[PDB]
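Right, one structure below, let's go through it.
We count residues from 1, following the sequence as given. The basis for the numbers below is simple: all heavy atoms, side chains too, and nothing from hydrogens, waters or symmetry mates.
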Amino acid sequence: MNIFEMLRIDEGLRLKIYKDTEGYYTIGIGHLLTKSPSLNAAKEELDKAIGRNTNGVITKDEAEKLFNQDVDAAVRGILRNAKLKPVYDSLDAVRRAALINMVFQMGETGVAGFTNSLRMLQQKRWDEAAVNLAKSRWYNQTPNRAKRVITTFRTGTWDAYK
Ligand SMILES: [Cl-]
């Protein structure tokens with residue numbers, strides 16, 4: 001298992017514009033298009049992202065290209081961020097994938113907001129971090145996915161995805 005496989009399980013693959021769990025227009029493997037409620041504004045962003053006139057439908061290859069870009073962006077966001085980088089550097093390979101997952105979902109700035117939990121992780125206090133992460137809106141809104149991420153942090157194994 002690796003980060004791509006993990007996020008593909010968490011986000012799914014949809015080739016037609018859809019609404020994410022929060023009602024925002026998205027496409028492919030969790031690629032957010034826009035928070036505007038306008039489907040046309042979504043369609044427009046999609047055309048610009050892909051470089052072609054799509055009418056709301058993309059191919060598998062195009063979804064995978066957006067995915068490659070989004071994973072690369074998450075990783076560079078971690079490495080650039082003063083709060084996130086030291087945490088990433090402290091972690092083992094599996095737990096690193098879990099942090100990438102969160103950044104992909106919530107954004108660099110959002111994850112950097114989990115100060116307390118990040119510290120716990122850096123200190124390798126797995127159980128304490130797991131308990132703290134579960135108090136968040138994140139956990140309450142998307143509990144099945146958050147539990148998988150938390151378990152990965154708790155154990156350092158890919159068991160929640162097996
Ligand atoms: Cl993009």
Side-chain angles (χ1 to χ4, degrees), residues 1-35 49 58 60-162:
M1 166 88 51
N2 61 55
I3 184 57
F4 289 89
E5 296 178 8
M6 183 206 206
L7 281 165
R8 168 83 170 66
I9 288 167
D10 285 334
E11 308 281 355
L13 164 70
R14 289 178 81 188
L15 305 180
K16 159 100 269 242
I17 290 173
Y18 66 97
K19 286 183 182 187
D20 74 4
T21 77
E22 307 283 353
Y24 304 133
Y25 296 108
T26 306
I27 199 162
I29 304 161
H31 182 78
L32 172 80
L33 289 164
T34 189
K35 305 192 175 96
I58 63 175
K60 195 226 195 24
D61 287 351
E62 288 161 344
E64 289 171 344
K65 185 163 189 194
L66 290 188
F67 190 40
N68 279 322
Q69 297 173 172
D70 295 339
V71 172
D72 187 51
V75 174
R76 282 180 292 91
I78 284 161
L79 298 181
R80 231 206 284 112
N81 190 290
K83 263 80 157 337
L84 314 169
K85 190 179 182 283
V87 180
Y88 187 92
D89 287 340
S90 78
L91 295 171
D92 58 277
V94 181
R95 294 190 171 94
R96 278 177 182 174
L99 189 65
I100 292 165
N101 189 306
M102 286 182 74
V103 171
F104 182 98
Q105 191 190 353
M106 295 182 262
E108 170 201 337
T109 286
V111 184
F114 284 70
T115 50
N116 306 312
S117 298
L118 292 178
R119 192 187 157 168
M120 286 170 229
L121 292 168
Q122 182 167 8
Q123 297 180 119
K124 314 210 174 274
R125 289 183 141 125
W126 315 123
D127 290 334
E128 307 173 50
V131 163
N132 204 245
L133 285 162
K135 300 163 150 134
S136 53
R137 171 179 195 274
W138 167 65
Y139 183 89
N140 287 97
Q141 293 312 296
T142 49
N144 283 347
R145 165 189 204 149
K147 281 178 205 163
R148 293 195 289 268
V149 175
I150 294 174
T151 300
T152 306
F153 278 137
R154 212 179 27 85
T155 69
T157 64
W158 291 112
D159 290 352
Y161 287 85
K162 287 204 272 240

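Looking at heavy atoms from C-beta onward, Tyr161 lies in side-chain contact with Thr152 at the 4.5 angstrom threshold. Residues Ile78 and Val111 fail the side-chain proximity criterion, which asks for heavy atoms closer than 4.5 Å. Residues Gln141 and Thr21 have side chains not in contact (no heavy-atom distance under 4.5 Å, counting atoms from C-beta outward). No side-chain heavy atom of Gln105 sits under 4.5 Å from any side-chain heavy atom of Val149. Two residues are said to be in side-chain contact when any heavy atoms from C-beta on lie closer than 4.5 Å; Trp138 and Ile150 meet this criterion. Side-chain contact between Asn144 and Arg148 is present, with heavy atoms from C-beta onward closer than 4.5 Å. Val75 is listed as a side-chain neighbour of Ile100, based on a closest heavy-atom distance under 4.5 Å.
Remark: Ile29 CD1 to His31 NE2 distance equals 11.5 Å, nearest 0.5 Å. Rounded to the nearest 0.5 Å, atoms OG1 (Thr109) and NZ (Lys83) are 9.5 Å apart. Taking CG of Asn2 as the start and CG of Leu7 as the end, the distance is 9.5 Å to the nearest 0.5 Å. We find the CZ-CG distance between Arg125 and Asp127 to be 11.5 Å, quoted to the nearest 0.5 Å. How far OG1 of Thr34 is from CD1 of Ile27: 13.0 Å, rounded to the nearest 0.5 Å. Rounded to the nearest 0.5 angstrom, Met1 CE and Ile9 CD1 are separated by 4.5 Å.
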### Message
The test is side-chain contact (heavy atoms from CB on, under 4.5 Å); show your working for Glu11 and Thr26 and say whether it passes.
### Response
CA-CA 11 Å; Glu11 308 281 355; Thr26 306; over 6 Å; no
### Task
For the pair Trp126 and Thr155, evaluate side-chain contact (heavy atoms from CB on, under 4.5 Å) and give the outcome as yes or no after the intermediate values.
CA-CA 8 Å; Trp126 315 123; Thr155 69; over 6 Å; no
### Task
For the pair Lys162 and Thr157, evaluate side-chain contact (heavy atoms from CB on, under 4.5 Å) and give the outcome as yes or no after the intermediate values.
CA-CA 10 Å; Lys162 287 204 272 240; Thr157 64; 5.6 Å; no
### Task
I would like to know whether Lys19 and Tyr25 meet side-chain contact (heavy atoms from CB on, under 4.5 Å); could you show each step before the answer?
CA-CA 5 Å; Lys19 286 183 182 187; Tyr25 296 108; 4.0 Å; yes
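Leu121 and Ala129 get closest at one heavy-atom pair: CD2-CB, 3.8 Å. Contact detail for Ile3 and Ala97: the closest heavy-atom pair is CD1-O, 3.5 Å. A pairwise comparison of heavy atoms in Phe114 and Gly110 identifies CD1-O, 3.5 Å as the closest pair. Between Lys85 and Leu79, the shortest heavy-atom contact is CD-O, 3.2 Å. Considering all non-hydrogen atoms of both residues, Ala160 and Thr151 come closest at CB-CB, 4.0 Å. Residue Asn140 comes nearest to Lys135 through the heavy atom pair OD1-O, 3.9 Å, listed as atom of the first residue, atom of the second, then distance.
Applying side chain to side chain contact (heavy atoms under 4.5 Å, CB included) to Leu133 and the options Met102, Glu128, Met120 leaves one that passes, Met102.
Side-chain N/O atoms of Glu5 and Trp158 include no donor and acceptor closer than 3.5 Å.
Counting non-hydrogen atoms of other residues, nucleotides and ligands closer than 6.0 Å to NZ of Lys60 gives a total of 12 or fewer.
Checking side-chain atoms of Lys124 against main-chain N and O of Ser90 turns up a donor-acceptor pair under 3.5 Å. Looking only at distances, a side-chain donor or acceptor of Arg96 sits under 3.5 Å from a matching main-chain atom of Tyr88. A distance-only check finds a donor-acceptor pair linking the side chain of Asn68 to the backbone of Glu64 [under 3.5 Å].
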